[PDB]
Amino acid sequence: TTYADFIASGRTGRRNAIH
Amino acid sequence: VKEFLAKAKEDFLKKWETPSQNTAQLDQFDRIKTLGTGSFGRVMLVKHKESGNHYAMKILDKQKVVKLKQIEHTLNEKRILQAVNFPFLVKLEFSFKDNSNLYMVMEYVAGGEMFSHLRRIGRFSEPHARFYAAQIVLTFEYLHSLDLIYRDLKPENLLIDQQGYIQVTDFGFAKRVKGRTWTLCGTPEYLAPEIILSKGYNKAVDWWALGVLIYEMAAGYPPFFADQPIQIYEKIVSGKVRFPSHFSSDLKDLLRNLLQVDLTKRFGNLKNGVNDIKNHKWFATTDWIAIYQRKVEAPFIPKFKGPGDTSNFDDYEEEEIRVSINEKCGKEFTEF
Ligand SMILES: C[C@@H]1SCc2ncnc(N3CCN(C(=O)[C@H](N)Cc4c[nH]c5ccccc45)CC3)c21
């Protein structure tokens, strides 16, 4: 499911701005 | 609405032209706890000694600002924030600098980041997501009418106040611009295609980002995600979006018009401007004036635990606030 793929991914925490 | 914005603009421009400066100093506050963090310093819960009031103190290390090449953007952040005034924007209460750091002291919004509640609860119902979205719509209407682009919409930058309403914080990438602008900045998940493709862009990037925010609020995950930024950009640019099974037809239609690659077609960017969004079926139940007036009952009110409770915020490691006996970057930050 997309939710499972999201939860198993490395981008579920607070995300940093790029510059 | 036209007369409201006209007076708002006179108010904003007087402050834009002669900014507030040096309105407190570090030894007027006792530092309590870190509320949040970043690459160029941090945000602390502080107590102001003479009033007893709590504030969120953003502390930026001038040397780290220079290293990450954010000088002009930091000057933008502070000049803009001291000038604006809208119910859903956090207020800058004081600002100042010392040999080492820049300081922006805001009202402390104790309900925490929308990001925390969103990840914990999983996703927001459409009515809950639309109540937040409506505040962002009115906020971008206000910012854009001052020729400001916001450029960093995301749940991490939205705080939930004691009434359950949103306060937008973090103006690090906000910029006052009448033409096109070119900086590659923002957060990868939220970048409009025209940013990624390096061609110049304008305020419609904020309306694309409102699409991403609404999707993420209502889905619980963003419309474009991958393990690395580069794979995120490939998805945004291809632009194909898939919607959860539970999304309403009205919501999917709004989202196809915000997450629209074609500028001639993206809502908020047409002849009717913001009213294409306000008048969309998804927003039919929204009373736009009642939201502005904070008369709408909020769908969720964070547990309130007294002045200075930080339990709606994560814990962070705590470090000394070092102030050199030598002034750093004095010229560069003269106007701060
Ligand atoms: C600073 C805002 S303004 C009023 C307020 N009240 C409570 N917590 C706050 N936090 C502190 C914790 N935050 C974070 O940790 C972010 N996850 C990272 C961040 C780095 N630099 C920032 C500048 C402004 C807003 C956030 C950040 C965001 C807001 C703030």
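Every chain is numbered from 1, with letters handed out A, B, ... down the list of sequences. Numbering of ligands and ligand atoms starts at 1, following listing order.
The single protein non-hydrogen atom nearest to atom 4 (C) of ligand 1 is B/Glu107 O, 2.8 Å, given as residue, atom name and distance. For atom 21 (N) of ligand 1, the closest heavy atom belonging to the protein is B/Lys58 CE, 3.8 Å. Atom 2 (C) of ligand 1 has its closest protein heavy atom at B/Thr169 OG1, 3.3 Å. Ranking protein heavy atoms by distance to atom 13 (N) of ligand 1, first place goes to B/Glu113 OE2, 3.3 Å. If you check which protein heavy atom lies closest to atom 30 (C) of ligand 1, you get B/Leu159 CD1, 3.3 Å. Summary of contacts: the protein heavy atom closest to atom 11 (C) of ligand 1 is B/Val43 CG1, 3.1 Å. Residue, atom and distance of the protein heavy atom nearest to atom 25 (C) of ligand 1 are B/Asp170 CB, 3.4 Å. Of the protein's heavy atoms, B/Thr37 O, 2.6 Å lies nearest to atom 18 (C) of ligand 1.
Look at B/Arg42 and you'll find every heavy atom at least 4.0 Å from all atoms of ligand 1. Heavy atoms of B/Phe313 approach ligand 1 to within less than 4.0 angstrom.
At a threshold of 4.0 Å, the pair B/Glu72-B/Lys175 does not count as salt-bridged, since none of the basic side-chain nitrogens sits closer than that to a carboxylate oxygen. Here B/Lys295 does not pair with B/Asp287 in a salt bridge; the nearest charged N to carboxylate O distance is not below 4.0 Å. A salt bridge does not link B/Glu335 with B/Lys97: every distance from a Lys NZ or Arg NE/NH1/NH2 to an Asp or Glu carboxylate oxygen is 4.0 Å or more. Checked for salt-bridge contact, B/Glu141 and B/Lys278 meet the test: a charged N lies under 4.0 Å from a carboxylate O.
Two rings, from B/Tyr165 and B/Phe131, have their centers less than 6.0 Å apart.
Counting only N and O atoms by type, the side chains of B/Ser95 and B/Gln82 include no donor and acceptor under 3.5 Å apart.
Ligand 1 has an N or O atom lying under 3.5 Å from an N or O atom of B/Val109, backbone or side chain.
Atoms of ligand 1 lying under 4.0 Å from at least one heavy atom of B/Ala56, given by number and element, are 4 (C), 5 (C), 6 (N), 30 (C). Taking every non-hydrogen atom of A/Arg14 and a distance limit under 4.0 Å, the qualifying atoms of ligand 1 come out as 17 (N). Counting the atoms of ligand 1 from 1 in the order shown, those under 4.0 Å from a heavy atom of B/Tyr108 are 6 (N), 7 (C).
Both the sub-6.0 Å distance and the 45° axial angle are not jointly satisfied by B/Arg266 relative to the ring of B/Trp207. Figure legend: cation-pi geometry between B/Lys78 and B/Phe336, with NZ or CZ positioned under 6.0 Å from the six-membered ring centre and within 45° of its axis.
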Should B/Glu332 and B/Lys62 be marked as a salt bridge (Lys or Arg N to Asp or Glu O under 4.0 Å) after you check the CA-CA gap, both sets of side-chain angles, and the distance that decides it?
CA-CA 9 Å; B/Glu332 294 89 325; B/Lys62 285 181 261 177; over 6 Å; no
